[PDB]
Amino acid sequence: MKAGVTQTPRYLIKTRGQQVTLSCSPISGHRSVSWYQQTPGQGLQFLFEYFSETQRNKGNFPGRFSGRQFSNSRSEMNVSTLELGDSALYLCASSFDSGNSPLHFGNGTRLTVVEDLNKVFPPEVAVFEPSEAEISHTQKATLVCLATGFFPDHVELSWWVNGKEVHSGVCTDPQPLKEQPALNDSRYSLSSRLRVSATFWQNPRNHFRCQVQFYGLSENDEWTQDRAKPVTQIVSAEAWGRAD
């Protein structure tokens, strides 16, 4: 069963000047909890480590980055006066003893700091059905899913065939592409492929769904634009097989 390191929240979008508090629960039995910031440009940087409710070691971040640990070993970190360059993956690691025992990492809190919540957009999602020529030439059929126009990069794409999540025959790009590479606030696009046999695609009872979860604004974020508030949501597209 066992729970790994857990982190909450998974995703956050904030504006400049705001503050956030992040939580981490270690693996049961681990008492050392460490925080790290991962950015593209500076890689993993140590924040601080806690053991038995006290800070044991600290990195070089300024005092607007702070932390604590509760009696059950759970740890919080807090960042005040947020700036665009605080956008990062905030990673937690637990260990039985960081001096001599492995670090076990959580999957992080993804924080994006933006100037303006008007910069936030959910993805549009589309499925493109296979080429007849592919089917004739190879006896295989590739579907493509495109997730486009989103900001920030807070998406998870998955494929489902007859209601069951598939990994065989899938490849999703490891990173999205910036639609406007030069801009800090560029929207993103992501592509994925699902390849099946021609026989499987040719059955009209087979149902294919590309699902994109987008983690966006909170209930508590103000919204005064005309377009739909870009809240946390799923955007999906689907197709059914056909004699093809």
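A residue's number is simply how far along the shown sequence it sits, counting from 1.
*Asks:* Select between 87-95 and 129-137 the stretch whose C-alpha atoms have the higher average B-factor in the entry.
*Replies:* Between 129-137 and 87-95, it is 129-137 that shows the higher mean C-alpha B-factor.
*Asks:* Identify the stretch, either 103-111 or 140-148, whose C-alpha atoms have the larger mean B-factor according to the entry.
*Replies:* Comparing averages over the C-alpha atoms only gives 103-111.
*Asks:* Just the C-alpha B-factor column, please: which of 34, 192, 197, 42 has the biggest number?
*Replies:* Among 34, 192, 197, 42, the PDB entry lists the largest C-alpha B-factor for 42.
*Asks:* In terms of CA temperature factor as recorded, identify the highest of 18, 232, 220, 25.
*Replies:* Each of 18, 232, 220, 25 was compared by C-alpha B-factor; the highest is 220.
*Asks:* State the tercile, meaning the lowest, middle or highest third, of residue 153 with respect to the CA B-factors recorded for its chain.
*Replies:* For residue 153, whose C-alpha B-factor we compare with every modelled residue in the chain, the answer is the middle third.
*Asks:* Residue 51's Cα B-factor: lowest, middle or highest third of the chain?
*Replies:* Middle third of the chain for residue 51's C-alpha B-factor.
*Asks:* Among the chain's modelled residues, which third holds the C-alpha B-factor of residue 209?
*Replies:* Residue 209: CA B-factor falls in the lowest third of its chain.
*Asks:* Taking only the Cα B-factors deposited for this chain, tell me whether residue 71 sits in the lowest, middle or highest third.
*Replies:* For residue 71, the deposited C-alpha B-factor lands in the highest third.
*Asks:* Please place residue 172 in the lowest, middle or highest third of its chain by C-alpha B factor as given in the entry.
*Replies:* Lowest third of the chain for residue 172's C-alpha B-factor.
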